[PDB]
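Enquirer: What follows is a structure written as structure tokens; I'll ask about it next.
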Amino acid sequence: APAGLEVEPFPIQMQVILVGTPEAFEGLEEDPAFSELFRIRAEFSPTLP
Amino acid sequence: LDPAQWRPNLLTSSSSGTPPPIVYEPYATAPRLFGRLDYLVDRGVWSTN
């Protein structure tokens with residue numbers, strides 16, 4: 001494309017509920033920005049009583 | 001004489017001075033820091049001004 005569009009920043013009103021297998025987050029928790037953004041770890045117990 | 005090639009290109013304007021221009025640029029890539037030089041296509045010919 002010769003010339004794009006300068007899209008302005010947008011305040012985000014959504015909330016992101018990621019879903020992932022724990023080793024998929026083992027490679028994604030290295031960022032301190034991940035800890036700052038996603039603060040609620042909803043972890044599913046692999047075994048029920 | 002090309003009208004596009006001789007025109008002062010507005011970059012910004014200061015209706016202010018309190019506060020001073022505070023430009024937080026977290027995505028400091030070269031196009032986002034120094035600006036873009038977009039082109040116009042004239043029959044497959046790249047042109048700029």
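The chains in the structure tokens are called A, B, ... from first to last as shown; in each chain the residues are counted from 1, and the ligands are counted from 1 in the order shown.
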Which residues of chain B have any atom within 7 Å of an atom in chain A when counting only C-alpha atoms, and what is the closest pair of atoms for each, with the distance in Å to one decimal? Order the rows by chain and rising number and write it as a Markdown table.
Expert:
```
| residue | atom | partner | partner_atom | distance |
| --- | --- | --- | --- | --- |
| B:38 | CA | A:3 | CA | 5.0 |
| B:39 | CA | A:2 | CA | 5.3 |
| B:40 | CA | A:2 | CA | 6.3 |
```
Enquirer: From a backbone DSSP assignment, name each residue in segment 3-49 of chain B labelled helix (DSSP H, G or I), as an NGL selection string.
Expert: :B and (30-34)
Enquirer: Fewer than 5 positions away in the same chain doesn't count, so skip those; otherwise give me all residues within 12 Å of segment 10-15 of chain B, counting only C-alpha atoms, as a PDB file with N, CA and C atoms, in the first residue's frame.
Expert:
```
ATOM      1  N   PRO B  20       2.927  21.660  28.442  1.00  0.00           N
ATOM      2  CA  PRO B  20       3.723  21.562  27.218  1.00  0.00           C
ATOM      3  C   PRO B  20       3.375  20.297  26.457  1.00  0.00           C
ATOM      4  N   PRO B  21       3.758  20.196  25.181  1.00  0.00           N
ATOM      5  CA  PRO B  21       3.469  18.965  24.432  1.00  0.00           C
ATOM      6  C   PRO B  21       4.147  17.759  25.051  1.00  0.00           C
ATOM      7  N   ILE B  22       3.354  16.827  25.563  1.00  0.00           N
ATOM      8  CA  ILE B  22       3.859  15.622  26.204  1.00  0.00           C
ATOM      9  C   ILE B  22       3.489  14.460  25.293  1.00  0.00           C
ATOM     10  N   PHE B  34      10.023   9.015  13.723  1.00  0.00           N
ATOM     11  CA  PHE B  34      10.450  10.058  12.804  1.00  0.00           C
ATOM     12  C   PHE B  34       9.389  10.437  11.787  1.00  0.00           C
ATOM     13  N   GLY B  35       8.320   9.664  11.675  1.00  0.00           N
ATOM     14  CA  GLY B  35       7.263   9.954  10.728  1.00  0.00           C
ATOM     15  C   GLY B  35       7.385   9.123   9.470  1.00  0.00           C
ATOM     16  N   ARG B  36       6.302   9.122   8.703  1.00  0.00           N
ATOM     17  CA  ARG B  36       6.221   8.357   7.471  1.00  0.00           C
ATOM     18  C   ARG B  36       6.323   9.296   6.284  1.00  0.00           C
TER      19      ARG B  36
END
```
Enquirer: Extract, using only C-alpha atoms, all DNA, RNA and protein residues at most 12 Å from residue 44 of chain A, discarding same-chain residues fewer than 6 positions from it, and format them as a PyMOL selection string.
Expert: chain A and resi 19-22
Enquirer: Write to file, as a CSV table (one decimal), in the first residue's frame, the residues of the selection just made, with C-alpha atoms.
Expert:
```csv
chain,number,residue,atom,x,y,z
A,19,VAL,CA,-7.6,-19.5,27.9
A,20,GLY,CA,-4.5,-21.7,27.8
A,21,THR,CA,-2.8,-24.9,28.8
A,22,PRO,CA,-0.3,-24.1,31.6
```
Enquirer: Would you please give, as a short mmCIF file (atom, residue, chain, number, x, y, z; two decimals) with C-alpha atoms, in the first residue's frame, all residues of chain B that DSSP assigns to strand (DSSP E) based on the backbone?
Expert:
```
data_model
loop_
_atom_site.label_atom_id
_atom_site.label_comp_id
_atom_site.auth_asym_id
_atom_site.auth_seq_id
_atom_site.Cartn_x
_atom_site.Cartn_y
_atom_site.Cartn_z
CA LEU B 40 1.16 8.60 -4.48
CA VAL B 41 0.92 6.16 -7.38
CA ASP B 42 0.60 7.74 -10.83
CA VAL B 45 4.98 5.56 -10.85
CA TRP B 46 5.97 6.31 -7.25
CA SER B 47 5.80 10.03 -6.48
#
```
Enquirer: Would you pick out the contacts of residue 41 of chain A at 12 Å or less, using only C-alpha atoms, so that residues sharing its chain but fewer than 2 positions from it are not included, and give the list as an MDAnalysis selection string?
Expert: chainID A and resid 17:20 22 25 29 34:35 37:39 43:44
Enquirer: Between atom CA of residue 9 of chain B and atom CA of residue 33 of chain B, what is the spacing in Å?
Expert: 17.6 Å
Enquirer: Between atom CA of residue 1 of chain B and atom CA of residue 5 of chain A, what is the distance, to one decimal in Å?
Expert: 28.1 Å
